[PDB]
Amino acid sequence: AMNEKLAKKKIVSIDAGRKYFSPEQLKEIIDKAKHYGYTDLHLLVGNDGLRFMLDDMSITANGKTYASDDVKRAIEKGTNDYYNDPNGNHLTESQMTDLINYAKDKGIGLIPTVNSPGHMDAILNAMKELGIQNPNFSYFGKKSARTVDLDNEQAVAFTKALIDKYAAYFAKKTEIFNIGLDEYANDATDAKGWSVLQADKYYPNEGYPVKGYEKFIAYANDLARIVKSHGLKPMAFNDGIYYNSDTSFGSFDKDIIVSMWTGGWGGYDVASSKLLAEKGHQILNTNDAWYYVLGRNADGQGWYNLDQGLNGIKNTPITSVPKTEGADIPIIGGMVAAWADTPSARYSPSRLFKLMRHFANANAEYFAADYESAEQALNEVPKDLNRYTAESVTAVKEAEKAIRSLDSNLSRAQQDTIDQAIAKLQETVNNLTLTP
């Protein structure tokens, strides 16, 4: 009576924050997602760069309104300062609405990310262009290019209002909004950002940011409240959520779905997925075992190269969550992610599709089967069979019935059953024999 594996989300993530992707390119990704049995496209649009412009970008914060055309010009410029992509700067509202509709018609959902308080180079740049002072976080004379200072009330207020504006747009047409929250001040702190934010509590009078991590919890919780008010489920990457398993600074909103991408590394001690589940968070398995950075296309070409990602897909199943502590961790689904850390890299659709295809093949019981050729085969049957012999007619009608009788919820693992049924139909049609 249950289809627990197929009921999971299967998601492909595309980094269209750092790098421009056209509507045509994204529709092709949606097509392949549908074909391979995925349920959703996770489209980062704010991730270092910001590459999605609403028709009205006016922002009310700090006792004033920043005019829509000024906000647009500030964001376009700020994104260009991060990376001026010769292929394009941003998707428009019309293009996004069309894209979401295109995906919806195929049974594919779209999940956007607009990242903060890290990975927001372009938003920080935009704020400065609007005239907001000192938005960037700094750590002992090292200014972060990507991370907002949570002590800066004006920068924080603007950012929250911007997330609110995007969330209002995505309301009703999507179900999940990814607020990001990953990798606080990674540049300025040599990947010690969460330690830095927590440090003052335990090492006072050493110049660490006062109430740094407490302010981050408040910030995360406020974004969650904003997203939830629009009927959307907030999602965030795991690394800063109870960093160091420290629950003493406050509590994260339980309605935040956790995208569990990392089990951490030496000197970067993240909460286990066990702890996060126990605190009451649903988890989307986003294991970085499966990561692919565009342009790192073969073994030896760096971390998250395509060969590494395909190896990760082969060796780490959709059910294998980072840092389980040996516990059985339930999941809402799995997400394979392609990134543009070097956004000048060439986007290769065939390589992305290979990654997507391997993820589906390695976990085939979880992915939907493809009925599109079955549907087309049925469309291609001759409508009128009267001029053919009763015997050959019966064979076609039986073969048609057989395809139409297939379980409508088969997995990719059972694709052969569908394909066999199509072949049988084609055979019976070919064998239709005109009456004497």
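The first residue of the shown sequence is 1; numbering continues from there.
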Task: 196-204 versus 114-122 - greater average Cα B-factor per the deposited record - done: 196-204
Task: Stretch with the greater mean C-alpha B-factor as recorded in the entry, comparing 272-280 against 137-145 - done: 137-145
Task: Highest recorded Cα temperature factor - choice among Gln308, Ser320, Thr189, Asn80 - done: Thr189
Open item on the list: Looking at the C-alpha B-factor values in the deposited entry, which of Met53, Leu44, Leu410, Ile30 comes out highest?
Closed with: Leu410
TODO: Among all modelled residues of this chain, ranked by Cα B factor, put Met127 in the bottom, middle or top third, i.e. lowest, middle or highest.
DONE: lowest
Open item on the list: Quick check on the deposited entry: does the C-alpha B-factor of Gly334 sit in the lowest, middle or highest third of its chain?
Closed with: lowest
Task: Assigned third (lowest, middle, highest) for the C-alpha B factor of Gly49 - done: lowest
Task: Ranked C-alpha temperature factor of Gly263 among modelled chain residues, by third - done: middle
- [ ] Among all modelled residues of this chain, ranked by Cα B factor, put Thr342 in the bottom, middle or top third, i.e. lowest, middle or highest.
- [x] middle
